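Contents: one structure, followed by commentary.
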Amino acid sequence: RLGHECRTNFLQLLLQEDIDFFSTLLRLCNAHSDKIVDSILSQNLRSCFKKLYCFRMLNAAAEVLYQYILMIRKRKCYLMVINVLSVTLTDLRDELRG
Amino acid sequence: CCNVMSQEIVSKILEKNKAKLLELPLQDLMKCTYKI
Amino acid sequence: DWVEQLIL
Amino acid sequence: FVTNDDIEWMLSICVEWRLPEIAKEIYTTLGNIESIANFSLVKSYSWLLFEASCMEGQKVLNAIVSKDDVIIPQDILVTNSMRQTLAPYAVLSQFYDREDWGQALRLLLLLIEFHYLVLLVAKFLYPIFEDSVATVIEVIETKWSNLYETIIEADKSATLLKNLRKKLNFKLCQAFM
């Protein structure tokens with residue numbers, strides 16, 4: 001990946017084949033890090049499990065995806081959102097209380 | 001204001017696609033980190 | 001018993 | 001009264017005549033670390049509970065009994081006591097991966113039921129550093145003075161920030177899993 005980055009649809013198909021081992025590798029790459037590649041990845045992920053992968057990769061996209069899916073589960077989502085953010089928090093709290 | 005800032009950042013990124021560029025540069029935080 | 005009283 | 005027997009005689013007379021308010025008073029006079037352990041009104045019990053929690057966070061026969069010896073077990077045979085017993089069990093589990101997780105869960109549950117305790121819990125989590133765990137962490141963040149700050153300083157030898165960082169790390173770990 002890093003090699004070719006430094007034929008985009010080809011890579012899209014390769015990653016298509018990749019999609020558990022692939023996810024682990026991605027997690028590893030993100031940990032190591034801590035454009036085109038990023039966008040392609042985001043698109044493939046957008047194509048529970050989904051939300052998690054999206055969040056992990058983006059580490060705003062996470063929050064947006066979670067909110068969309070929400071639009072036990074509710075509590076978990078609101079909670080995850082609040083922790084990530086730490087207006088939005090107040091709204092989430094009010095919703096959970098309502 | 002934050003939205004406008006993000007838009008400006010996106011526009012700058014589009015324009016880029018050395019010293020002057022560095023001068024111009026000087027979730028949003030995550031993006032900045034990825035850029036660096 | 002001790003673990004039922006802790007959960008309560 | 002001076003002896004134990006003297007007191008027991010008094011009590012026996014309070015029983016025989018039904019003077020619970022009297023017995024309660026006599027005993028109150030008796031209550032006024034080992035003495036406190038022997039005693040273990042509502043406010044006092046609460047204070048005792050808090051003290052036990054503080055001791056646990058800081059971290060013998062009495063503790064084991066809560067969780068010659070047979071006689072003691074018979075005599076024992078309240079909420080404060082149960083909490084202390086739970087704390088002891090958690091510490092034992094800690095001394096002994098899944099066990100550690102169960103202990104952490106128990107700790108989070110205790111924190112939910114109950115500031116100093118919360119800080120001790122956060123410290124323990126940081127030292128350790130799936131869905132249920134995340135949920136717990138979240139609830140803790142939602143729940144989140146001088147004594148607490150002092151305890152935090154002692155532990156380090158800012159707190160909220162460190163807690164948030166730990167939570168973020170945990171979330172990342174869950175995402176990787």
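We name chains A, B, ... following the order of the structure tokens; residues begin at 1 in each chain, and ligands are numbered from 1 as shown.
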Residues of chain A were defined as contacting chain B if any atom lay at most 12 Å from it, counting only C-alpha atoms; please report them as a PyMOL selection string.
chain A and resi 30+33-38+55+57-64+84-85
Define the interface residues of chain C facing chain D as those within 8 Å, counting only C-alpha atoms, and report them as a PDB file with N, CA, C and O atoms, in the first residue's frame.
ATOM      1  N   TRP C   2     -21.666 -13.638  49.141  1.00  0.00           N
ATOM      2  CA  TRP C   2     -20.866 -12.428  49.230  1.00  0.00           C
ATOM      3  C   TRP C   2     -20.830 -11.676  47.902  1.00  0.00           C
ATOM      4  O   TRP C   2     -20.645 -10.462  47.871  1.00  0.00           O
ATOM      5  N   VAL C   3     -21.006 -12.399  46.798  1.00  0.00           N
ATOM      6  CA  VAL C   3     -20.923 -11.785  45.479  1.00  0.00           C
ATOM      7  C   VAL C   3     -22.313 -11.354  45.006  1.00  0.00           C
ATOM      8  O   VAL C   3     -22.459 -10.679  43.985  1.00  0.00           O
ATOM      9  N   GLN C   5     -24.308  -9.898  47.304  1.00  0.00           N
ATOM     10  CA  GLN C   5     -24.534  -8.745  48.165  1.00  0.00           C
ATOM     11  C   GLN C   5     -23.745  -7.561  47.618  1.00  0.00           C
ATOM     12  O   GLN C   5     -24.055  -6.409  47.916  1.00  0.00           O
ATOM     13  N   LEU C   6     -22.696  -7.850  46.830  1.00  0.00           N
ATOM     14  CA  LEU C   6     -21.834  -6.843  46.196  1.00  0.00           C
ATOM     15  C   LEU C   6     -22.521  -6.303  44.939  1.00  0.00           C
ATOM     16  O   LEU C   6     -22.465  -5.110  44.658  1.00  0.00           O
ATOM     17  N   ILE C   7     -23.132  -7.209  44.179  1.00  0.00           N
ATOM     18  CA  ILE C   7     -23.972  -6.853  43.044  1.00  0.00           C
ATOM     19  C   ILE C   7     -25.237  -6.083  43.441  1.00  0.00           C
ATOM     20  O   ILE C   7     -25.882  -5.459  42.601  1.00  0.00           O
TER      21      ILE C   7
END
Could you list, as a ChimeraX atom specification, the residues of chain D having an atom within 12 Å of chain A when counting only C-alpha atoms?
/D:131-144,160-177
Kindly export the residues of the current selection with N, CA and C atoms, as an mmCIF file, in the first residue's frame.
data_model
loop_
_atom_site.group_PDB
_atom_site.id
_atom_site.type_symbol
_atom_site.label_atom_id
_atom_site.label_comp_id
_atom_site.auth_asym_id
_atom_site.auth_seq_id
_atom_site.Cartn_x
_atom_site.Cartn_y
_atom_site.Cartn_z
ATOM 1 N N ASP D 131 -16.925 -5.159 25.355
ATOM 2 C CA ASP D 131 -18.031 -4.221 25.215
ATOM 3 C C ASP D 131 -18.544 -3.777 26.581
ATOM 4 N N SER D 132 -18.665 -4.734 27.496
ATOM 5 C CA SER D 132 -19.107 -4.447 28.854
ATOM 6 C C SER D 132 -18.144 -3.487 29.534
ATOM 7 N N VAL D 133 -16.855 -3.737 29.334
ATOM 8 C CA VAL D 133 -15.800 -2.900 29.889
ATOM 9 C C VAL D 133 -15.933 -1.470 29.387
ATOM 10 N N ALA D 134 -16.124 -1.335 28.079
ATOM 11 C CA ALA D 134 -16.309 -0.031 27.463
ATOM 12 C C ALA D 134 -17.514 0.687 28.069
ATOM 13 N N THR D 135 -18.625 -0.037 28.209
ATOM 14 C CA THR D 135 -19.844 0.519 28.799
ATOM 15 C C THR D 135 -19.591 1.049 30.206
ATOM 16 N N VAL D 136 -18.873 0.259 30.993
ATOM 17 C CA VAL D 136 -18.506 0.660 32.342
ATOM 18 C C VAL D 136 -17.678 1.951 32.331
ATOM 19 N N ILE D 137 -16.635 1.979 31.499
ATOM 20 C CA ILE D 137 -15.761 3.152 31.369
ATOM 21 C C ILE D 137 -16.555 4.406 31.047
ATOM 22 N N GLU D 138 -17.504 4.228 30.141
ATOM 23 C CA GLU D 138 -18.411 5.281 29.735
ATOM 24 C C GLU D 138 -19.253 5.796 30.897
ATOM 25 N N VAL D 139 -19.874 4.875 31.632
ATOM 26 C CA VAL D 139 -20.687 5.239 32.792
ATOM 27 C C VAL D 139 -19.866 6.033 33.800
ATOM 28 N N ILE D 140 -18.620 5.607 33.978
ATOM 29 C CA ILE D 140 -17.695 6.289 34.873
ATOM 30 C C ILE D 140 -17.420 7.708 34.395
ATOM 31 N N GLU D 141 -17.183 7.857 33.095
ATOM 32 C CA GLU D 141 -16.940 9.175 32.524
ATOM 33 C C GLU D 141 -18.145 10.081 32.737
ATOM 34 N N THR D 142 -19.336 9.505 32.601
ATOM 35 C CA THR D 142 -20.574 10.245 32.812
ATOM 36 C C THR D 142 -20.695 10.701 34.259
ATOM 37 N N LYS D 143 -20.342 9.816 35.184
ATOM 38 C CA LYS D 143 -20.404 10.137 36.605
ATOM 39 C C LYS D 143 -19.421 11.247 36.963
ATOM 40 N N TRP D 144 -18.248 11.218 36.338
ATOM 41 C CA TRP D 144 -17.211 12.213 36.603
ATOM 42 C C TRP D 144 -17.659 13.611 36.190
ATOM 43 N N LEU D 160 -8.315 14.705 35.839
ATOM 44 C CA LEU D 160 -9.410 14.529 34.890
ATOM 45 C C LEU D 160 -8.878 14.287 33.480
ATOM 46 N N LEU D 161 -7.835 15.025 33.116
ATOM 47 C CA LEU D 161 -7.204 14.887 31.807
ATOM 48 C C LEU D 161 -6.598 13.499 31.626
ATOM 49 N N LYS D 162 -5.886 13.037 32.650
ATOM 50 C CA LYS D 162 -5.290 11.708 32.637
ATOM 51 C C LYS D 162 -6.370 10.644 32.475
ATOM 52 N N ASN D 163 -7.482 10.838 33.182
ATOM 53 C CA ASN D 163 -8.630 9.944 33.075
ATOM 54 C C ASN D 163 -9.184 9.891 31.651
ATOM 55 N N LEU D 164 -9.372 11.062 31.050
ATOM 56 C CA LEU D 164 -9.856 11.145 29.674
ATOM 57 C C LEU D 164 -8.910 10.433 28.701
ATOM 58 N N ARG D 165 -7.608 10.623 28.906
ATOM 59 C CA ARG D 165 -6.588 9.965 28.091
ATOM 60 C C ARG D 165 -6.685 8.446 28.192
ATOM 61 N N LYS D 166 -6.806 7.957 29.423
ATOM 62 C CA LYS D 166 -6.978 6.530 29.661
ATOM 63 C C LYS D 166 -8.228 5.993 28.953
ATOM 64 N N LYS D 167 -9.334 6.731 29.047
ATOM 65 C CA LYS D 167 -10.581 6.340 28.386
ATOM 66 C C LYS D 167 -10.402 6.232 26.874
ATOM 67 N N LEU D 168 -9.730 7.227 26.303
ATOM 68 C CA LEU D 168 -9.418 7.228 24.881
ATOM 69 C C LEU D 168 -8.591 5.997 24.498
ATOM 70 N N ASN D 169 -7.563 5.704 25.291
ATOM 71 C CA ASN D 169 -6.740 4.518 25.065
ATOM 72 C C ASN D 169 -7.566 3.230 25.073
ATOM 73 N N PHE D 170 -8.456 3.110 26.056
ATOM 74 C CA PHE D 170 -9.342 1.952 26.163
ATOM 75 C C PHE D 170 -10.235 1.803 24.934
ATOM 76 N N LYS D 171 -10.808 2.919 24.491
ATOM 77 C CA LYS D 171 -11.641 2.936 23.292
ATOM 78 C C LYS D 171 -10.862 2.459 22.068
ATOM 79 N N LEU D 172 -9.637 2.965 21.925
ATOM 80 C CA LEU D 172 -8.754 2.544 20.839
ATOM 81 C C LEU D 172 -8.507 1.036 20.883
ATOM 82 N N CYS D 173 -8.217 0.526 22.078
ATOM 83 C CA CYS D 173 -8.003 -0.905 22.276
ATOM 84 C C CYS D 173 -9.227 -1.727 21.862
ATOM 85 N N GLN D 174 -10.412 -1.262 22.252
ATOM 86 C CA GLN D 174 -11.660 -1.930 21.887
ATOM 87 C C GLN D 174 -11.864 -1.939 20.374
ATOM 88 N N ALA D 175 -11.552 -0.814 19.737
ATOM 89 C CA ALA D 175 -11.645 -0.703 18.286
ATOM 90 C C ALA D 175 -10.700 -1.684 17.586
ATOM 91 N N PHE D 176 -9.479 -1.814 18.101
ATOM 92 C CA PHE D 176 -8.493 -2.738 17.528
ATOM 93 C C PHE D 176 -8.935 -4.197 17.646
ATOM 94 N N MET D 177 -9.580 -4.518 18.762
ATOM 95 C CA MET D 177 -10.075 -5.866 19.015
ATOM 96 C C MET D 177 -11.162 -6.255 18.022
#
What residues in range 34-146 of chain D get the DSSP label helix (DSSP H, G or I)? Please answer as a PyMOL selection string.
chain D and resi 34-39+42-58+61-66+71-76+79-95+98-113+116-128+131-143+146
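One distance worth recording is that between CA of residue 156 in chain D and CA of residue 91 in chain D, which is 20.6 Å.
The interatomic distance for the pair CA of residue 122 in chain D and CA of residue 155 in chain D works out to 10.7 Å.
Atom to atom, CA of residue 3 in chain A and CA of residue 21 in chain A stand 19.5 Å apart.
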